[PDB]
Amino acid sequence: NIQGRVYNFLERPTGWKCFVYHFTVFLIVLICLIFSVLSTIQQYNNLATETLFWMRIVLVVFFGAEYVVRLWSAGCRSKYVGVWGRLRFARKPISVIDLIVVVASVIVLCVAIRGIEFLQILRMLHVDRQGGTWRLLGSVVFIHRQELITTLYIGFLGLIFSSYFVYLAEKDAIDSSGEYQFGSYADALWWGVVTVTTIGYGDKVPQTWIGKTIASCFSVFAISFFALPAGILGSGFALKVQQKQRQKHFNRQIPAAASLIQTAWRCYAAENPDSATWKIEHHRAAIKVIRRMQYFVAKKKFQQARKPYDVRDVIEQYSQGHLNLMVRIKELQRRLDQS
Amino acid sequence: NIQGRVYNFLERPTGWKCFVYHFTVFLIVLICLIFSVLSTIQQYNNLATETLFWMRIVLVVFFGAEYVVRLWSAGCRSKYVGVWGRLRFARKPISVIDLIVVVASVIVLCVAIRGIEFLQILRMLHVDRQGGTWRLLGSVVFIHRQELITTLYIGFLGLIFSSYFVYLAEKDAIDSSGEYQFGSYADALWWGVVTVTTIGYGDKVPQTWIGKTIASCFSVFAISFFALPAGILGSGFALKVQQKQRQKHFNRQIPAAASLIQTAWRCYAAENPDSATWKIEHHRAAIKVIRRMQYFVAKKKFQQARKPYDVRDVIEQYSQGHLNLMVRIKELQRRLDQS
Amino acid sequence: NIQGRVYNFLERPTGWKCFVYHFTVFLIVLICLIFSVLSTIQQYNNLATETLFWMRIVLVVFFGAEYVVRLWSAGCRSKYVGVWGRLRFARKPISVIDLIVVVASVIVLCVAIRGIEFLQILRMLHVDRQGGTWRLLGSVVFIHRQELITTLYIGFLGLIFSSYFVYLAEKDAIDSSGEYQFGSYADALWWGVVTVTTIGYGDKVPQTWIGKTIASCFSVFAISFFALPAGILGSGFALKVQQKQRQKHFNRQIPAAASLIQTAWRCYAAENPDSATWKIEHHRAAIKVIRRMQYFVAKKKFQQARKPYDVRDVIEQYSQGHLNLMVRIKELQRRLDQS
Amino acid sequence: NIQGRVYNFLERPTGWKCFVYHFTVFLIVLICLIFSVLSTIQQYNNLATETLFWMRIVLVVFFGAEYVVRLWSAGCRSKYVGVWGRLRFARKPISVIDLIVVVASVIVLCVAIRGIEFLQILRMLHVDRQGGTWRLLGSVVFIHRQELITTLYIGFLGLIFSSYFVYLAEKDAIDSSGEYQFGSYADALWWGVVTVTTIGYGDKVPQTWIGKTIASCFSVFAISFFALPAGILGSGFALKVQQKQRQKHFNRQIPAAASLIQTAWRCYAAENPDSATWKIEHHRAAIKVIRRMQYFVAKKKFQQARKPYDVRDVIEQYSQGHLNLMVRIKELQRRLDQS
Amino acid sequence: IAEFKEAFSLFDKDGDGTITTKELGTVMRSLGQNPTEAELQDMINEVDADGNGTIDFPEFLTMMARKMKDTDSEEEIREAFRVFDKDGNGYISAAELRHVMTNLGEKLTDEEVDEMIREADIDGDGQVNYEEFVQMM
Amino acid sequence: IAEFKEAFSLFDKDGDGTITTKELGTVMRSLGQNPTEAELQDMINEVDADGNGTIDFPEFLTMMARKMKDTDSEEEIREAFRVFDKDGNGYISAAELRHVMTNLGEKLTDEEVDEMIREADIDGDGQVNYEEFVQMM
Amino acid sequence: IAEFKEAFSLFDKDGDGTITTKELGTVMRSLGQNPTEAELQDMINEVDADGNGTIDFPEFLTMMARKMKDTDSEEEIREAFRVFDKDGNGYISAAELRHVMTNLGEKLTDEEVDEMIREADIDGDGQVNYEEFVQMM
Amino acid sequence: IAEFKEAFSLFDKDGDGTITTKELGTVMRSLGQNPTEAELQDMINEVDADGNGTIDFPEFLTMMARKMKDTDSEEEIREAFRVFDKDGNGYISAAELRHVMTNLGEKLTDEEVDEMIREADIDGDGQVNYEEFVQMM
């Protein structure tokens with residue numbers, strides 16, 4: 001249908017055909033920013049006023065039209081069909097930004113506000129529509145919560161305890177220009193946070209040899225505790241890249257998928273006494289238990305059916321094959337033993 | 001029992017119910033710090049004295065009450081039951097900090113001491129009770145001791161040998177403000193430790209082209225030898241994260257666990273001649289040897305039973321199954337060969 | 001042939017015999033640079049003019065001779081044989097640099113041009129001829145496109161949003177020398193890009209406590225998002241190093257390789273009705289379908305034949321062997337069942 | 001023997017018993033350094049002269065005695081037994097440092113020399129005797145030569161090409177103190193090498209917006225190319241740590257080891273016609289070929305016998321077992337087929 | 001409340017108090033299912049928790065007390081339905097559903113498929129909203 | 001257009017609408033090929049997409065409509081030729097080609113090799129440009 | 001001191017100086033244990049160090065001289081006890097212990113369980129401190 | 001020069017120009033070695049390079065022309081000797097060497113061990129410098 005095609009163009013992009021449109025809005029709003037700066041520089045007044053107003057109203061009108069068109073076209077998915085259900089789509093966190101940008105542009109055109117003109121850049125800045133990037137980053141951050149937490153905690157403790165001692169050592173030391181640069185603990189904490197992240201502006205440096213010794217013994221050990229989170233996440237991404245290439249083909253999931261729904265519906269229909277499923281008193285009870293076992297087995301199999309290959313499959317496969325061969329070996333031995 | 005529930009609340013936390021209490025103490029002591037700062041600023045004297053004293057005694061009383069309640073409630077575990085055994089719990093390194101904080105608060109309330117008021121923050125700073133974070137970090141650090149040691153050693157050697165040559169080259173160079181900044185080896189070592197960690201305050205920079213050449217050839221090679229420990233530990237954490245997800249289920253350890261204790265107790269009871277274990281002269285000796293073999297086999301099996309899957313299990317399983325099938329194949333061949 | 005030997009010496013180097021030649025050109029052109037600098041210093045005029053001209057014409061003549069010799073010798077490969085085909089070799093991106101260097105040297109000798117003398121260093125700088133290094137780096141960068149893109153995007157968003165707030169907080173703060181260092185958003189963005197990469201020149205530092213708080217809360221979180229790409233690529237290289245050592249031997253590819261071409265040519269010859277391949281009406285149709293199946297199977301097998309070992313091969317091998325044994329087990333059972 | 005015990009104490013250390021001795025020399029020479037500094041400060045002259053001379057001669061005498069004792073005790077190993085063979089041990093690179101230190105101390109005691117007093121620290125600095133650390137680092141560096149080389153090359157090219165353009169843009173820009181800081185390409189290259197390693201002293205910063213744009217576009221991309229080598233080597237160490245824990249037990253190498261030497265000696269003895277190995281004309285030729293095949297098989301097996309477990313062993317083991325079972329299956333079928 | 005034991009004794013022919021794989025196989029012969037040995041072994045494992053390979057009565061009530069209505073199962077059923085969606089919008093052609101459920105997996109009888117389809121397709125033509133079909137089960 | 005069904009019925013002896021491995025094996029006996037069971041199983045898998053292990057007619061037209069002329073296949077054939085090049089310049093000695101195609105892999109008849117070689121070696125002596133041989137097929 | 005050889009000759013029926021798997025199996029028949037082939041193979045491996053698959057006499061004294069009382073074994077036994085603790089405090093209900101040691105693993109006789117339990121539970125009711133039971137063994 | 005073919009025809013009973021595993025097995029029966037099938041298969045693989053599982057004559061001369069004296073083999077033999085050194089100094093007790101070479105691996109005859117030992121131990125008592133024994137072979 002044409003509605004689905006429109007939805008697949010505004011959202012869920014395919015490539016160049018939507019890319020040109022994205023690029024054009026991208027550059028036109030940057031032109032808007034440069035033109036607002038030019039009007040601030042107070043160039044030829046007539047142009048810098050009238051054409052700025054023209055292209056501002058053009059931009060806000062286009063933005064509202066795109067928003068309403070996308071809101072209508074979002075009805076292709078069953079989750080958002082209907083008037084009362086579309087409020088859920090309007091509640092999506094990404095879509096709120098577009099409304100905020102539209103209302104901010106409307107208010108600006110009607111009229112710090114000078115910074116509010118920059119707030120409109122919010123929409124263009126967020127260009128990833130399906131949320132793939134944030135969705136990818138969130139899982140990796142969530143998996144490694146404990147080691148990030150512990151290293152941040154250790155770094156914080158080291159920072160505080162080291163920054164206190166240098167303040168103690170450097171309390172009464174004057175500078176060349178005659179100004180106490182370590183007069184209070186607030187200055188020492190600022191020095192600690194500038195130094196533990198290897199920035200080192202140079203506005204505050206220790207001057208007494210005691211403070212120099214403490215800083216030298218501190219920084220070398222404490223820098224790694226803050227450099228750790230980058231390495232942890234980098235290796236986490238790199239390892240998952242390997243798993244992304246050793247996935248099972250789509251052809252191995254269809255049978256288990258069909259079996260799961262079939263056995264689930266059979267379990268559901270077992271609740272009624274007159275459904276045709278009885279065509280296959282006491283047996284009517286055992287049948288339910290057997291069906292429940294089958295449903296659990298099917299669920300486990302489906303869960304296994306969409307995971308990358310693992311040695312556990314080899315270990316279970318060997319035992320299954322060994323039993324399958326063994327039963328026939330004993331059956332043949334017993335059959336031959338009759339004579 | 002209620003005692004176990006109290007112990008499971010003060011220690012070994014579960015979640016939000018203890019989290020609210022932890023948060024309240026967390027913020028109230030920060031309020032105490034901000035109020036001590038306000039009293040230092042010398043605000044309205046009556047409030048800043050009396051309410052400060054009030055909430056100080058409140059805090060120390062609450063701290064002592066919590067300490068004594070936890071000390072009593074620690075009797076749930078068999079390792080700490082009894083008067084003489086509870087001294088071991090009181091000897092735990094974490095619990096010493098609470099006593100130190102309590103006595104420091106008592107001394108402060110009775111009365112650098114201005115810094116001793118900060119020492120109380122020790123308790124809140126250490127909020128991880130079970131020691132999980134330090135326990136996790138310790139194993140990872142311990143496994144990789146050799147490569148950390150060698151890289152730190154190489155970095156130290158490079159630092160010393162490079163910092164000496166720049167001191168030699170820059171001994172007699174004056175600055176713009178007419179002050180020798182490289183007048184002695186102590187200054188050169190300070191420059192080396194500020195430069196090899198990529199901080200670069202800018203208080204001391206080489207000025208003669210010889211020193212510039214040495215520094216340029218030095219830093220590029222030597223920075224990596226200090227950046228290494230972060231990457232090593234990050235990758236170490238990331239690799240262990242993979243192993244944490246490929247663990248055997250708890251259902252595969254119960255049989256081996258039971259068998260281990262059973263065979264160990266059988267070996268122990270073999271020492272007595274009248275125990276019922278003889279119900280199954282020379283045979284009484286061979287029985288002990290067989291039981292010892294069984295105990296060793298059970299120990300090895302239990303050790304294997306709680307490790308992540310490894311190709312070695314596949315290699316041993318295939319050989320075991322091959323032997324099991326082979327013996328029956330030869331038995332059937334021999335049985336058929338009789339005619 | 002001698003032409004192939006010349007091609008294998010100018011390109012596709014083997015080692016020391018070409019290495020000495022590469023080293024000699026390497027050092028002689030550096031001598032040329034140092035001599036041009038000496039002539040700039042205006043040493044003894046006669047030498048610095050005449051010998052400079054001598055060795056300049058020597059260098060350009062040698063460069064042209066090498067270029068023409070390589071262009072002729074590139075005819076060993078079938079892709080470049082023939083006059084009309086050699087234009088493709090001349091179109092190779094690496095070879096364009098040599099022509100650019102030659103024409104630039106010719107123009108310089110005939111005569112910013114002072115910087116154009118440096119442009120000649122282009123040739124020596126690019127010394128990797130087969131393109132192995134860039135080819136290696138490109139695959140690793142291409143595989144990890146998504147995680148690099150998302151982290152760069154997040155870093156950019158954080159940089160912009162943090163640099164705006166510090167500009168807002170620091171708009172009207174004067175410095176010690178009475179000069180607004182944060183007078184406009186351009187200065188704030190420069191500070192942000194100097195600070196988020198942990199360089200920290202120290203030309204611009206925040207002075208009001210609000211800006212200090214924003215910078216402290218910003219840098220700690222935002223530094224990792226820019227430190228990530230190094231770790232990602234490092235781990236990507238390290239993982240591929242492991243795969244490079246677990247490759248199948250060259251002896252396992254010859255049979256599949258021969259079979260692929262054999263079955264492809266058989267499928268091609270099936271199109272003619274009088275070829276000898278019919279020596280092996282309706283059968284002439286089924287034969288084509290069988291040959292197409294065989295060609296597809298051979299292609300799949302050849303694709304599998306040049307990949308590192310993977311558990312999937314074990315999983316398929318076990319099933320194949322199990323079927324091969326099972327069919328004979330049932331055949332023996334059926335044969336024995338006749339009596 | 002006592003000589004072996006002495007060798008195992010001076011070299012190849014075991015632990016604390018040699019550790020105390022190492023610690024004592026370690027601290028005593030640091031005492032020597034601090035005392036030389038004290039004598040430089042010109043304290044009480046009599047002590048600072050006489051006791052310094054005393055402990056200097058004490059140190060040099062002890063050093064010579066230790067050197068000669070170790071040189072004698074190095075005769076335990078067969079590689080160094082004999083007068084003419086011990087020169088090889090004296091040629092060991094580590095042992096040269098001890099002789100250099102001894103002769104330098106002798107020369108100093110007989111008498112920049114002030115820096116030569118520091119040269120003695122060479123011995124204590126090198127405390128790893130077996131060379132384990134350097135041996136470990138060398139293999140890891142050697143394995144990853146290509147990716148380190150390419151990234152260093154790319155970083156160098158980027159550094160040069162970026163540092164030239166900023167020099168072009170900043171040629172004629174004056175500073176606040178009226179001094180061209182970018183007057184020549186040497187200054188620009190120094191700025192480039194200070195900036196591409198994220199040090200940032202702040203002695204030279206670009207001032208024109210063109211140079212600012214170039215630096216901003218340069219640093220962000222070029223910093224990763226220099227941060228890469230740390231991550232590469234860190235991940236390389238971490239991966240090898242995993243392989244170090246999945247090694248085959250020492251019990252699986254003895255049979256292959258014995259078989260290798262046995263078959264090698266059999267091949268050697270096959271060269272003589274009267275050795276007892278003939279006890280097992282034309283057959284005397286085929287025997288040699290069979291023995292050569294056996295020797296090659298034994299060598300391959302021994303090479304495989306000391307590697308960590310790999311899927312290839314599973315793949316070969318399954319095929320071997322399948323053939324072993326298959327031959328007996330066909331033999332039983334043929335035997336039964338006789339009736 | 002604990003009436004399930006009445007069914008348990010049905011599976012416990014020998015009366016030793018546990019259900020073995022042979023008991024399951026021999027009771028399921030009476031209904032003409034004709035199972036496989038590996039199938040019976042796999043079916044048994046999804047209940048046993050002791051690891052001894054035999055079903056205990058407390059584990060039997062533990063299994064029987066497990067409720068089907070829960071997010072962990074509704075999500076899996078939804079994913080299994082989604083696997084078969086050609087476009088992901090949440091609609092399936094009725095003919096494709098009938099063909100799939102008749103030929104793939106374990107084949108259902110025609111009348112079962114008709115009964116299942118009659119409970120659906122009430123919306124209109126041959127589009128079936130599986131996201132409301134899921135809540136029915 | 002869809003004439004392929006005429007050949008399909010040739011493979012579908014039982015007429016149920018699908019091709020089983022037994023049908024493939026029994027039809028290929030008539031031509032005296034004598035296949036293996038594992039070979040037949042592997043051959044069947046390269047067409048089936050349902051995963052049920054049986055060839056469906058729409059999958060049959062899907063396979064038959066696949067075109068050979070494409071980069072993904074020309075590159076693989078070129079790599080297979082390159083594997084046998086002793087120097088990589090893009091030339092092969094005719095005698096080596098004949099020996100390889102007679103003895104390695106599945107052995108061809110001599111007359112087939114002669115017919116194939118006659119289509120090549122037109123350039124001159126026993127160097128054969130495989131990069132133009134590839135485009136012929 | 002080296003009296004163990006007197007027992008060794010009991011296992012060495014053939015007198016060649018080594019114990020083979022067949023010797024172990026045939027001597028253990030006399031006590032009515034009825035072992036398995038794989039069980040015997042696994043039992044043999046825990047003593048042999050040469051890798052030849054046969055038990056040597058010096059290895060026999062090496063095994064017999066190994067002492068049970070040591071941290072490496074006490075920790076493992078403590079962990080095996082801890083696995084069965086429902087709360088980790090260091091207490092086990094006596095009925096659960098009896099049920100576990102009668103039904104799981106290799107089943108003990110009732111009188112052995114009674115004798116073992118009598119040595120414990122001296123503290124009071126059916127809580128047994130396994131951390132003091134461990135030191136007894 | 002190429003006299004090796006005279007031995008090759010000894011292994012090539014059928015005369016087709018290649019050596020099969022059956023030929024190797026049947027010729028090695030004449031010397032009373034009694035090999036295994038897997039042993040013969042493994043022995044064959046160390047020469048074949050075509051991957052067809054059959055030994056070709058050019059590969060036969062390629063194998064026969066391989067020289068034993070080389071660093072890659074001397075290092076491996078030295079490591080195999082070092083594995084058995086109890087202290088690593090480069091000395092082995094003669095009795096241990098005799099016991100090892102009589103009982104472990106493939107057992108040698110006593111006279112072979114005596115002949116090998118006589119070529120060594122010339123230095124003195126029962127210490128044998130294997131680093132000079134290696135160069136002899």
# chains A, B, ... in the order shown; residues from 1 in each chain; ligands from 1
>>> residues_around(residues="stretch 33-37 of chain A", least_positions_apart="6", cutoff="10 Å", atoms="only C-alpha atoms", output="mmCIF file with N, CA and C atoms, in the first residue's frame")
data_model
loop_
_atom_site.group_PDB
_atom_site.id
_atom_site.type_symbol
_atom_site.label_atom_id
_atom_site.label_comp_id
_atom_site.auth_asym_id
_atom_site.auth_seq_id
_atom_site.Cartn_x
_atom_site.Cartn_y
_atom_site.Cartn_z
ATOM 1 N N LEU A 27 21.694 20.694 5.474
ATOM 2 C CA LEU A 27 22.478 21.850 5.053
ATOM 3 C C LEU A 27 21.644 23.127 5.091
ATOM 4 N N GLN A 43 24.440 43.125 8.555
ATOM 5 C CA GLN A 43 24.711 43.398 7.150
ATOM 6 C C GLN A 43 23.582 44.246 6.576
ATOM 7 N N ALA A 48 18.721 41.055 5.286
ATOM 8 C CA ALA A 48 18.938 40.300 6.515
ATOM 9 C C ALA A 48 17.692 40.231 7.386
ATOM 10 N N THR A 49 16.725 41.123 7.178
ATOM 11 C CA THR A 49 15.454 41.019 7.886
ATOM 12 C C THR A 49 14.436 40.202 7.092
ATOM 13 N N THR A 51 14.482 38.330 4.156
ATOM 14 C CA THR A 51 14.750 36.965 3.712
ATOM 15 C C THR A 51 14.903 36.026 4.902
ATOM 16 N N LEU A 52 15.436 36.535 6.015
ATOM 17 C CA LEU A 52 15.503 35.735 7.233
ATOM 18 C C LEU A 52 14.108 35.353 7.705
ATOM 19 N N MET A 55 12.642 32.660 5.234
ATOM 20 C CA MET A 55 13.138 31.294 5.300
ATOM 21 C C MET A 55 12.867 30.692 6.675
ATOM 22 N N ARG A 56 12.721 31.539 7.700
ATOM 23 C CA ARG A 56 12.272 31.056 9.002
ATOM 24 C C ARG A 56 10.858 30.490 8.935
ATOM 25 N N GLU A 117 17.310 30.247 19.803
ATOM 26 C CA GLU A 117 17.491 30.024 18.369
ATOM 27 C C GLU A 117 18.378 28.814 18.102
ATOM 28 N N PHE A 118 19.313 28.524 19.009
ATOM 29 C CA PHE A 118 20.171 27.352 18.867
ATOM 30 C C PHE A 118 19.429 26.069 19.231
ATOM 31 N N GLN A 120 16.782 24.892 18.295
ATOM 32 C CA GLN A 120 16.113 24.266 17.162
ATOM 33 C C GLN A 120 17.002 23.188 16.545
ATOM 34 N N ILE A 121 18.319 23.307 16.731
ATOM 35 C CA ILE A 121 19.298 22.370 16.179
ATOM 36 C C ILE A 121 19.090 20.981 16.781
#
>>> residues_around(residues="residue B:253", least_positions_apart="2", cutoff="12 Å", atoms="only C-alpha atoms", output="short mmCIF file (atom, residue, chain, number, x, y, z; two decimals) with C-alpha atoms, in the first residue's frame")
data_model
loop_
_atom_site.label_atom_id
_atom_site.label_comp_id
_atom_site.auth_asym_id
_atom_site.auth_seq_id
_atom_site.Cartn_x
_atom_site.Cartn_y
_atom_site.Cartn_z
CA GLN B 247 28.45 -21.50 33.01
CA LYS B 248 27.00 -24.92 33.79
CA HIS B 249 23.57 -25.02 35.41
CA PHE B 250 23.23 -25.69 39.14
CA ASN B 251 21.46 -28.97 38.32
CA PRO B 255 25.15 -35.71 42.25
CA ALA B 256 28.92 -35.15 42.28
CA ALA B 257 28.63 -33.08 45.46
CA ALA B 258 26.72 -35.83 47.26
CA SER B 259 29.09 -38.52 45.97
CA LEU B 260 32.15 -36.62 47.22
CA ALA B 298 35.04 -38.38 43.08
CA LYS B 301 34.84 -35.29 39.10
CA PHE B 302 33.54 -32.69 41.57
CA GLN B 303 36.33 -30.30 40.60
CA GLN B 304 35.40 -30.72 36.94
CA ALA B 305 31.68 -30.39 37.72
CA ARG B 306 31.81 -26.62 38.43
CA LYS B 307 33.78 -25.25 35.47
CA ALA E 49 15.74 -30.95 38.97
CA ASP E 50 17.65 -33.46 41.12
CA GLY E 51 19.76 -34.49 38.13
CA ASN E 52 19.16 -38.20 38.77
CA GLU G 79 32.23 -26.44 49.41
CA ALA G 80 30.43 -29.71 48.70
CA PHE G 81 28.60 -29.34 52.02
CA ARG G 82 27.88 -25.66 51.30
CA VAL G 83 26.28 -26.51 47.94
CA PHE G 84 23.46 -28.18 49.88
CA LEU G 104 21.26 -39.08 45.77
CA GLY G 105 24.66 -40.03 44.39
#
>>> closest_residue(among="G:43, G:117, G:97, G:65", to="chain B", atoms="only C-alpha atoms")
G:43
>>> closest_residue(among="E:111, E:59, E:106, E:123", to="chain F", atoms="only C-alpha atoms")
E:106
>>> residues_around(residues="residue H:94", least_positions_apart="5", cutoff="12 Å", atoms="only C-alpha atoms", output="ChimeraX atom specification")
/H:85,99-101,113-114,116-118,120-122,124-130
>>> residues_around(residues="residue H:26", least_positions_apart="6", cutoff="10 Å", atoms="only C-alpha atoms", output="list in words")
residues 11, 13, 34 and 35 of chain H
>>> write_last_selection(atoms="N, CA and C atoms", output="PDB file, in the first residue's frame")
ATOM      1  N   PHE H  11      57.541 -50.851  -3.800  1.00  0.00           N
ATOM      2  CA  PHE H  11      56.300 -50.480  -3.135  1.00  0.00           C
ATOM      3  C   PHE H  11      55.120 -50.474  -4.098  1.00  0.00           C
ATOM      4  N   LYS H  13      53.440 -52.551  -6.284  1.00  0.00           N
ATOM      5  CA  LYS H  13      53.193 -53.899  -6.784  1.00  0.00           C
ATOM      6  C   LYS H  13      52.290 -53.900  -8.012  1.00  0.00           C
ATOM      7  N   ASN H  34      52.886 -56.180  11.382  1.00  0.00           N
ATOM      8  CA  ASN H  34      51.488 -56.189  11.801  1.00  0.00           C
ATOM      9  C   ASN H  34      51.014 -54.789  12.176  1.00  0.00           C
ATOM     10  N   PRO H  35      50.807 -53.905  11.204  1.00  0.00           N
ATOM     11  CA  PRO H  35      50.377 -52.541  11.518  1.00  0.00           C
ATOM     12  C   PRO H  35      48.879 -52.449  11.762  1.00  0.00           C
TER      13      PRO H  35
END
>>> atom_distance(atom1="atom CA of residue G:109", atom2="atom CA of residue E:15")
21.6 Å
>>> atom_distance(atom1="atom CA of residue A:173", atom2="atom CA of residue A:211")
10.5 Å
>>> interface_residues(of="chain A", to="chain C", cutoff="6 Å", atoms="only C-alpha atoms", output="ChimeraX atom specification")
/A:133,199,201,230-231,234-235,238
>>> write_last_selection(atoms="N, CA and C atoms", output="PDB file, in the first residue's frame")
ATOM      1  N   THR A 133      21.452   2.924  17.352  1.00  0.00           N
ATOM      2  CA  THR A 133      22.716   3.243  18.006  1.00  0.00           C
ATOM      3  C   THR A 133      22.593   3.210  19.526  1.00  0.00           C
ATOM      4  N   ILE A 199      44.460  16.111  32.035  1.00  0.00           N
ATOM      5  CA  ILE A 199      44.258  17.333  31.263  1.00  0.00           C
ATOM      6  C   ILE A 199      45.404  18.294  31.547  1.00  0.00           C
ATOM      7  N   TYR A 201      45.803  21.774  32.944  1.00  0.00           N
ATOM      8  CA  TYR A 201      45.802  23.131  32.412  1.00  0.00           C
ATOM      9  C   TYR A 201      47.057  23.903  32.787  1.00  0.00           C
ATOM     10  N   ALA A 230      37.140   2.997  29.120  1.00  0.00           N
ATOM     11  CA  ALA A 230      37.254   2.992  27.666  1.00  0.00           C
ATOM     12  C   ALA A 230      37.686   1.625  27.153  1.00  0.00           C
ATOM     13  N   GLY A 231      38.728   1.049  27.753  1.00  0.00           N
ATOM     14  CA  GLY A 231      39.185  -0.260  27.320  1.00  0.00           C
ATOM     15  C   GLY A 231      38.140  -1.339  27.522  1.00  0.00           C
ATOM     16  N   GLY A 234      35.489  -0.937  24.803  1.00  0.00           N
ATOM     17  CA  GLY A 234      36.037  -1.248  23.498  1.00  0.00           C
ATOM     18  C   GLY A 234      36.164  -2.740  23.281  1.00  0.00           C
ATOM     19  N   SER A 235      36.716  -3.438  24.276  1.00  0.00           N
ATOM     20  CA  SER A 235      36.816  -4.887  24.169  1.00  0.00           C
ATOM     21  C   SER A 235      35.441  -5.542  24.158  1.00  0.00           C
ATOM     22  N   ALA A 238      34.231  -5.244  20.633  1.00  0.00           N
ATOM     23  CA  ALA A 238      34.999  -6.094  19.729  1.00  0.00           C
ATOM     24  C   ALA A 238      34.624  -7.563  19.872  1.00  0.00           C
TER      25      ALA A 238
END
>>> atom_distance(atom1="atom CA of residue D:75", atom2="atom CA of residue D:13")
16.9 Å
>>> select_by_dssp(residues="stretch 11-109 of chain F", states="helix (DSSP H, G or I)", output="MDAnalysis selection string")
chainID F and resid 11 21:29 37:45 57:64 71:83 94:103
>>> decode(residues="stretch 54-59 of chain G", atoms="N, CA, C and O atoms", output="PDB file, in the first residue's frame")
ATOM      1  N   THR G  54      49.186 -47.951  32.741  1.00  0.00           N
ATOM      2  CA  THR G  54      49.390 -49.070  33.648  1.00  0.00           C
ATOM      3  C   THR G  54      50.041 -48.553  34.924  1.00  0.00           C
ATOM      4  O   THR G  54      50.908 -47.677  34.891  1.00  0.00           O
ATOM      5  N   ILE G  55      49.619 -49.114  36.052  1.00  0.00           N
ATOM      6  CA  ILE G  55      50.030 -48.637  37.369  1.00  0.00           C
ATOM      7  C   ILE G  55      51.374 -49.256  37.729  1.00  0.00           C
ATOM      8  O   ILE G  55      51.532 -50.480  37.701  1.00  0.00           O
ATOM      9  N   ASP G  56      52.344 -48.409  38.061  1.00  0.00           N
ATOM     10  CA  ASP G  56      53.651 -48.859  38.511  1.00  0.00           C
ATOM     11  C   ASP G  56      53.730 -48.831  40.030  1.00  0.00           C
ATOM     12  O   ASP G  56      53.049 -48.045  40.696  1.00  0.00           O
ATOM     13  N   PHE G  57      54.578 -49.700  40.576  1.00  0.00           N
ATOM     14  CA  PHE G  57      54.722 -49.791  42.026  1.00  0.00           C
ATOM     15  C   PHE G  57      55.185 -48.493  42.685  1.00  0.00           C
ATOM     16  O   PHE G  57      54.546 -48.079  43.669  1.00  0.00           O
ATOM     17  N   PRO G  58      56.230 -47.797  42.211  1.00  0.00           N
ATOM     18  CA  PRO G  58      56.572 -46.510  42.837  1.00  0.00           C
ATOM     19  C   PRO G  58      55.430 -45.518  42.820  1.00  0.00           C
ATOM     20  O   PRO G  58      55.240 -44.799  43.810  1.00  0.00           O
ATOM     21  N   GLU G  59      54.635 -45.489  41.749  1.00  0.00           N
ATOM     22  CA  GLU G  59      53.439 -44.655  41.734  1.00  0.00           C
ATOM     23  C   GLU G  59      52.435 -45.129  42.775  1.00  0.00           C
ATOM     24  O   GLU G  59      51.686 -44.326  43.344  1.00  0.00           O
TER      25      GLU G  59
END
